[PDB]
């Protein structure tokens, strides 16, 4: 797919997602929420959406990823919503790996009001 920016990395065939980098240094105190920018935009292929999910290295540090749904039509820059849910302060270096992007299939249903049994 078409992407702009260098905040996203090519992956191998055997990996599920693309590593996303932090565009600038970020400090987070316990309980702080900050939207970390990546500087990348992309054109998800028709019929698919992107899921931002955490990496074990940052997660093991007590950092979590919130939200995480990239809609196919989105063209803005991708941002990773991170929170320090640990009890110690953390600094994420610039261009550090903070999350992963996984491309998944779309399923559109019509909503039918009825009675589910």
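Numbering follows the first chain given and starts at 1. The term rigid core refers to the maximal set of C-alpha atoms that superpose within 1.5 Å between the two forms.
Undergrad: How do 87-95 and 41-49 compare in 7 other deposited structures of this protein: which one has C-alphas farther from this form after the rigid core is matched?
TA: Looking at 87-95 versus 41-49 in 7 other deposited structures of this protein, the farther one turns out to be 87-95.
Undergrad: So which moves more in 7 other deposited structures of this protein by CA, 59-67 or 30-38, given a superposition on the core?
TA: If we average over structures and residues in 7 other deposited structures of this protein, the farther stretch is 59-67.
Undergrad: Looking at the entry, does 88-96 or 49-57 show the higher mean C-alpha B-factor?
TA: For C-alpha atoms only, the mean B-factor is higher in 88-96.
Undergrad: Where do the C-alpha atoms have the higher mean temperature factor in this entry, in 108-116 or in 1-9?
TA: The entry gives the higher C-alpha B-factor average to 108-116.
Undergrad: Which has the highest CA B-factor per the PDB entry: 71, 64, 32, 77?
TA: Within the set 71, 64, 32, 77, 77 shows the top C-alpha B-factor.
Undergrad: By the record's CA B-factor, is residue 20 among the lowest, middle or highest third of residues in the chain?
TA: Bottom third by C-alpha B-factor.
Undergrad: Sorting the chain's modelled residues by C-alpha B-factor, tell me whether residue 81 ends up in the lowest, middle or highest third.
TA: CA B-factor rank for residue 81: lowest third.
Undergrad: Sorting the chain's modelled residues by C-alpha B-factor, tell me whether residue 43 ends up in the lowest, middle or highest third.
TA: Top third by C-alpha B-factor.
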